[PDB]
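Here's the structure, in structure tokens; my notes come after.
Per chain, numbering begins at 1; letters A, B, ... match sequence-line order. Indexing begins at 1, ligand by ligand and atom by atom, following the structure's order.
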Protein chains: 2
Amino acid sequence: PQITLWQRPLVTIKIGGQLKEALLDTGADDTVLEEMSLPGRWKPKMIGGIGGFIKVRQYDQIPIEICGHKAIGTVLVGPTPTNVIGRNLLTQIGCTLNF
Amino acid sequence: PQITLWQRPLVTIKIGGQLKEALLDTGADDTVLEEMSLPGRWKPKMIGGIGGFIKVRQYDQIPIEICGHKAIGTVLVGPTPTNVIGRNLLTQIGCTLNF
Ligand SMILES: COC(=O)N[C@H](C(=O)NN(CC[C@@]1(Cc2ccccc2)C(=O)N([C@H]2c3ccccc3C[C@H]2O)C[C@H]1O)Cc1ccc(-c2ccncc2)cc1)C(C)(C)C
């Protein structure tokens, strides 16, 4: 589909069998979601944003559906102000910017 | 043009007679640039992202050019770790997400 930007590009995603709302964010290298439980072991990662850095848990090869599109990749979990889908997953669903 | 998301979507913008590199950021409501001088009035604003909030100066009705596309809108100036082009200007150049 084609999504205009007059409003926030918020979409429904499915992870761990649950539906959540997330923002398609081209300004993000990675995907970071609010606190939640994910399987397996995680690795640490420090990610920097507009206001500084935060600590997050990194889970790899996690199945996640975005707007119905299937993806399997790295998901960071931590104290983010909102769920954001970064380029690591936007590329998996074939997303591009056009104008 | 069609911008790939395999890499960060960086573009050249022309503002205040200067040329700067900025990130096309669909997750950003506003446009924020590192410290620079801009003409006209302004008012303080606090914007929050990953890591917390930062204080910026809000300048309205600022002419800007992105990839040859002219537009006008609000530009925030402050200690942002990187230049970001937000939805308020992405809409004016007719930028959309497609997949
Ligand atoms: C390489 O780093 C990244 O890709 N970081 C991502 C990130 O923050 N991206 N933001 C952008 C992330 C988001 C997330 C958000 C969405 C809704 C509500 C609250 C927050 C954000 O915080 N945004 C803020 C923003 C930006 C411009 C103008 C106004 C505002 C207010 C707020 O919306 C836009 C979103 O895209 C742009 C950015 C890029 C590099 C560095 C850096 C930091 C340190 N050194 C150099 C550059 C700092 C910031 C993560 C989500 C993974 C943290």
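- Tracing side-chain contacts under 4.5 Å through hydrophobic residues (I, L, V, M, F, W, Y), one reaches A:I13 starting from A:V77; they form part of the same cluster.
- Side-chain polar atoms of A:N98 and B:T96 form no donor-acceptor pair below 3.5 angstrom.
- At least one side-chain heavy atom of A:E21 sits less than 4.5 Å from a side-chain heavy atom of A:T12.
- In terms of heavy-atom proximity, A:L33 sits nearest to A:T80 at C-CG2, 3.7 Å.
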Using a 3.5 Å cut-off and no angle test, enumerate the donor-acceptor pairs between side-chain atoms of residues 42-56 of chain B and protein atoms at least two apart in sequence or in another chain.
unit_1 : atom_1 : unit_2 : atom_2 : d
B:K45  : NZ     : B:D30  : OD2    : 3.3

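- Using a heavy-atom distance under 4.0 Å as the criterion, the protein contacts of ligand 1 are A:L23, A:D25, A:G27, A:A28, A:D29, A:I47, A:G48, A:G49, A:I50, A:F53, A:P81, A:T82, B:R8, B:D25, B:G27, B:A28, B:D30, B:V32, B:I47, B:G48, B:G49, B:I50, B:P81, B:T82, B:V84.
- Between B:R87 atom CZ and A:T4 atom OG1 the span is 9.5 Å, to the nearest 0.5 Å.
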